[PDB]
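Reviewing the structure listed below.
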Amino acid sequence: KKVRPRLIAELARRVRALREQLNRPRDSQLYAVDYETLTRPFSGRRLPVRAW
Amino acid sequence: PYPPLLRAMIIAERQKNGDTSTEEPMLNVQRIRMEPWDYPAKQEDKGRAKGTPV
Amino acid sequence: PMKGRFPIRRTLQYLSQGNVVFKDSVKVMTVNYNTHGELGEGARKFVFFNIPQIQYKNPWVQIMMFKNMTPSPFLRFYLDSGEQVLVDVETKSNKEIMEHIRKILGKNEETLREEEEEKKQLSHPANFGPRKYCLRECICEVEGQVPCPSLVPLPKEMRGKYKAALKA
Amino acid sequence: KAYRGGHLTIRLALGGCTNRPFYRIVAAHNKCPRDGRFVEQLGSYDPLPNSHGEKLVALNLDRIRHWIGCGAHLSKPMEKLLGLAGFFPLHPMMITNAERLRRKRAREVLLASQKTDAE
Amino acid sequence: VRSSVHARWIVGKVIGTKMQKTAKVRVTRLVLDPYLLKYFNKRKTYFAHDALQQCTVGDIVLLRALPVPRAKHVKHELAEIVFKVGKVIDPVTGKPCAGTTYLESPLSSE
Amino acid sequence: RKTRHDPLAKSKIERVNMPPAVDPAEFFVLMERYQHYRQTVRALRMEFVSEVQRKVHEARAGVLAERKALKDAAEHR
Amino acid sequence: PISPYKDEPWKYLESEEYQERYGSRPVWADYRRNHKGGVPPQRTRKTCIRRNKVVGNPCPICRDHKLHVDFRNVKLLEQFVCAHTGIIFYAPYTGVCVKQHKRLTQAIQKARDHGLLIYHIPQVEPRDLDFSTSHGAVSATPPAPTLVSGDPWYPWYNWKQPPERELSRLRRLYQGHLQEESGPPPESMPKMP
Amino acid sequence: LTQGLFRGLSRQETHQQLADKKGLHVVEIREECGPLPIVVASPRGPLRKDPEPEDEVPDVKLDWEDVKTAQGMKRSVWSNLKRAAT
Amino acid sequence: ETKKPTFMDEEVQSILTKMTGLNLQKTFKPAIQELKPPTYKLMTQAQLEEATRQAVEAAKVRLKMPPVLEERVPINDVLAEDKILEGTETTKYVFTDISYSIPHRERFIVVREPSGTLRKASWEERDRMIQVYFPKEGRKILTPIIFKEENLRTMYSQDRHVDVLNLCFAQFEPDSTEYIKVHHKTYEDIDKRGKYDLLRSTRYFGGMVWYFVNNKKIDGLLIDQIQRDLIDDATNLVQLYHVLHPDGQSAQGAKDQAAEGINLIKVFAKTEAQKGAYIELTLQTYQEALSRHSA
Ligand code: FES
Ligand SMILES: [Zn+2]
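Chains as they are written, first to last, in PDB author numbering: chain Z, 4 to 55; chain B, 165 to 218; chain R, 2 to 169; chain V, 10 to 128; chain E, 4 to 113; chain W, 27 to 103; chain L, 47 to 239; chain C, 345 to 430; chain H, 64 to 358.
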């Protein structure tokens, strides 16, 4: 009845949280825009037409 | 005012309990302050895009 | 035939004939009785005939028996508040014992009637669903409403196969 | 099945058979399947006119007020049913769609008259 | 008065006193046999905290649930010794007895 | 439906969602109707919430609940 | 064949031909199903008349073309109802095919609906405990002020022409993606002449 | 089977024999007739004055098949099958 | 000042209860239904008399007279006239409050018309919606055809008047127009053919008597009671008639003459009775047979 511990799950959970704080993208990366195509180079997603 | 059905049920409940008041039921909307939809929201409680550069 | 003396005791009908439904305070009921002696006869019949009926109506109350530990038989109830209720049963018959405990620690007929009514509110007649939970499965079972297509084919005008055909 | 976040909603669960729709009004977690687990059934809605030419709608108003008071949301078709019953105000789009229908038929009546005048 | 322990009050028989300040108690309940419709005893073990180490193997005790378990298996405490082994006091008369016989007649103190 | 790990369809890469056209008169009228409608519905929701809280308190510490609690306690003694 | 009793089917049961063939016993008394084993199938055959052809052992109804299952021929219908319990015998009881058993069940129910066939009608209790009609749900509700004056329940139900400055503001906000400005709608719903 | 059947059927006690043996009225209760008591047999001799003793629990032997059927626990695909009128 | 009695007055209920009678054999007639094997008990003479006493008590509950109500007034109340909804729907909506713990006569049942009007449902719509969501055993959403005039005459020809009243009681409400129409047509058929014995020992006899007394047509029932040696009932019928018609020719004649017992039937037979001649003859025949038994 005693659930077998899942150590790899806890290990990976902490490693992911750590890498998300040490490799976090900055505002200059997230919120940059290509004014010719009107897309964000960080994700390649276009902006809505009403904001162009 | 109350919606038509809600009003009729509030009045019917008065008369069942012996109340003979003729005052109209009324919704108080003073406490309901309607903000414009473009009112600045709380930035502290807003999320942030996660790391995954293309 | 069914084994043992008085096999009627081992029937659901007999077990449901108990009229003692303890209040929520009763947590334990100990029974001290003697196997021999004319003055403990009613307590022995109480253990033989009624204890099963009491346990059946009160499944979560602990009932523990003790034989020949004291000179006379008695019942003792332990309540949730910590109070203990001693009941001397020597010389009393098993029917007088059942009527006694029902009076001091049993729910009255009024309290039981109310509980049964609050249960009926869980199966609303107007709700539709499986037979296990509802009287009717679909509104099509109500006379006057459009019946189920599995029994009465719908007019061609009320079928999408011909609505799209005409529109297309 | 504990969902991430979510909330209760009063909405229409589709029943019946092909070409014979029938709705059950239910309070359920918004993440649950349309016709799956619900918290409580609050009424029903038969959209097909019966032999008396009526669309029957059952509303458990006592329990509808209870679940709204417990933080339950309302789907848009449910809000319009309550507006038609007089329990809520008429939804803004029931009023606007009615005006659109009036302007639409005012143009058709004008086109019909112009055609008869030419004839 | 609240408690996270399921069994709030239970009576049982002490079957072990080898743990320090802990009495091992056997508790029996009547469980209906669905096929035979006959009640049979179903026994379960409980560890009860006994601060004064006054429990003896064979005595009948009353256990009270603790607010929270004090150990992995210790969820109750000794609330009262109902029947001390070999030293029973008749609750009906308050006199000492040995089985179904009085050791002091109830007529002694009238 | 897709998961966030499934790739975007290639036939939808260049899709640009153009917003609808706006009728100024109807747009403004509809905007005022939603404000009035949602103000009235919020006033109703507040009353229903107060009813739910009143019934819970009444069943816990009401005059009929505390009275029935003392009666039961008296009958027990 | 053509039965001369199709118009007045109750006459056949009163004729001498019927009395000689059946006497005072039910028409299904001497019928027996042919089947293997001791336990018969739990459904009778679907029909004894298949494309105007009769099977070899036709059921009590199908073997006599003068017996007409009609809601008025109550003397025939009573033979398929238990006189002590009022229940309709299931088809294997008498051996009638499924086709005729359905026609019997419908004729029996139709005869009861017309009062031609006696059945037990219990004595029920009233629906309501109180018969008062004073509650507002079944009485008059004091009309609201708007309903008396003839106004909409809420003022925002009506169309109100917006100011010109607010329309200019929206024409700038959505410049290049505008429709034609709509005016007040008709006061009533038009109708096709 | 035949010999046993005739033995049982020939050794049955009628209601009149029961009334004469116990000197009491034999009253029949029918659910279709409600609480109406129906006297089916009365003793030809004198009628007793002391009621029949009402044992709180009868010590009669029960048939498990009858009890199991009354409790809905009897499951058989061969019971209660539709058959021709007998 | 001086109110005339109602149907549920203790004095009227006591009179109609005695006139109804209590026949255990008819009140507890064997029903044609699914049967079970009967049970048997051994009883002394005292236990049998007690069992018979309890049966009489259970019968007096089964003979409880339904209250006679006046016809309900039609419902015509508008809650709102939302003209903006005109022409947006082709079918009307019926909204029923199905909250469990509400008396059915207090439930709100409203209708949204295609014209935009929100009105309360009519009595016929109410009873139909209540049966849809709170189905009562024995009631149908669609009116059975048995209540048509052609089918009721078939029931009357078979002397099944009590079945008609049992069907009517299960289908319609006591204050409904259909309920009152069927009861009056059944009472009138009993009066025309002298079938008053069909309703004796039933819960419908009092309602029938109440109908004859109010409509001043007790001559038939009065003759039936004298022919059956029920003068105690025939005398109460004339007294109940005077109580509900105090300012009448017969009521005054009884006061002026201080009539009592059979004398009341003679005073009534001469003044207000329409078949006065047939009552005197029927009453004369009774007194003769009573004298022969005395001699
Ligand atoms: S089950 Fe109701 S429409 Fe098919
Ligand atoms: Zn056939």
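Yeah, the Cβ is synthetic: ideal placement off N, Cα and C, and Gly gets one too.
Quick check: the Cα distance between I84/E and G97/E, rounded to an integer number of angstroms?
15 Å
Under the assumption that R266/H contacts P129/H (Cβ atoms under 8 Å), give the Cβ distance between them as a whole number of angstroms.
6 Å
What does a CB cutoff of less than 6 Å around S6/E pick up in its chain, not counting 5 residues either side in sequence?
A68, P70
Between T151/L and chain C, is the shortest Cβ-Cβ distance under 9 Å, so that the two count as touching?
no
Applying the criterion that 16 or more other CB atoms from any shown protein chain within 10 Å of the CB defines a buried residue, is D37/Z buried or exposed?
exposed
Just mark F43/E as buried or exposed, buried being the case when its beta carbon has 16 or more other beta carbons within 10 Å.
exposed
heavy atom of ligand 2 below 8 Å from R78/L C-beta
no
Of the residues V75/H, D72/H, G84/H, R135/H, the one placed nearest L293/H, counting alpha carbons only
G84/H
Among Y250/H, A332/H, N277/H, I328/H, which one has its Cα closest to the Cα of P68/H?
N277/H
Identity of the residue in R118/L, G69/L, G83/L nearest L162/L by Cα
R118/L
Which residues in the same chain have their Cβ closer than 8 Å to the Cβ of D55/V, if we skip the five residues on either side of it in sequence?
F31, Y32, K64, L65, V66
For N192/B, return the contacting residues in chain W, with the cut-off set at a CB-CB distance below 7 Å.
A69
For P47/L, is the beta carbon positioned less than 8 Å from some heavy atom of ligand 2?
no
Under 8 Å Cβ-Cβ, which residues of chain R neighbour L205/H?
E144, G145
Note down, in chain order, each residue of its chain lying with its Cβ closer than 6 Å to the Cβ of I78/H, except the 5 sequence neighbours on either side.
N299, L303
Flag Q194/H as yes when its Cβ comes closer than 8 Å to any non-hydrogen atom of ligand 2, and as no otherwise.
no
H114/L and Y51/L closer than 9 Å at C-beta
yes
Report yes if the C-beta of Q146/L is less than 8 Å from at least one heavy atom of ligand 2; otherwise report no.
yes
Pull out every residue of the region 104-129 of chain H whose Cβ sits closer than 7 Å to any Cβ of chain C, in chain order.
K104, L105, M106, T107, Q108, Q110, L111, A114, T115, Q117, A118, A121
Taking its Cβ as the centre, do 16 or more other Cβ atoms sit within 10 Å of residue 1/R, making it buried, or is it exposed?
Outside the shown range of chain R (2 to 169) lies residue 1/R, about which nothing can therefore be said.
CB of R33/V to nearest heavy atom of ligand 1: below 8 Å?
no
In the DSSP assignment, the alpha helix (DSSP H) including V142/L goes from what residue to what residue?
That residue, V142/L, is in no alpha helix (DSSP H); it is neither H nor E in DSSP.
Put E142/R into one of helix, strand or coil per three-state DSSP.
helix
Which chain V residues sit within Cβ distance under 8 Å of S228/L?
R112
Spell out a yes or no on whether the region 81-93 of chain R and the region 36-46 of chain R are touching, meaning 3 or more CB-CB pairs, one atom from each, closer than 8 Å.
yes
Let me check you understand the geometry: is the CB of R11/E closer than 8 Å to at least one non-hydrogen atom of ligand 1?
no
Can you name the residues of chain C whose CB is closer than 9 Å to the CB of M3/R?
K405, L406, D407, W408, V411
Using 9 Å as the limit for Cβ to Cβ distance, is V48/W near chain L?
yes
Suppose only complete runs of 4+ residues qualify. What are the alpha helix (DSSP H) ranges in the region 75-103 of chain H, listed by chain order?
87-90
Mapping DSSP to helix, strand and coil, what is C231/H?
helix
Tell me which residue opens and which closes the alpha helix (DSSP H) that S31/Z is part of.
30-33
As a quick exercise: from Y58/L, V142/L, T187/L, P104/L, pick the residue whose alpha carbon is nearest that of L170/B.
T187/L
Identify every residue that forms a DSSP beta bridge with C100/E.
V91/E, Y105/E
Any heavy atom of ligand 2 within a distance shorter than 8 Å of the CB on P379/C?
no
Confirm, please, whether the CB-CB distance from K45/E to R29/E is below 9 Å.
no
If you drop the 5 nearest sequence neighbours on each side, which residues of the same chain put their C-beta closer than 8 Å to that of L191/B?
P165, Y166
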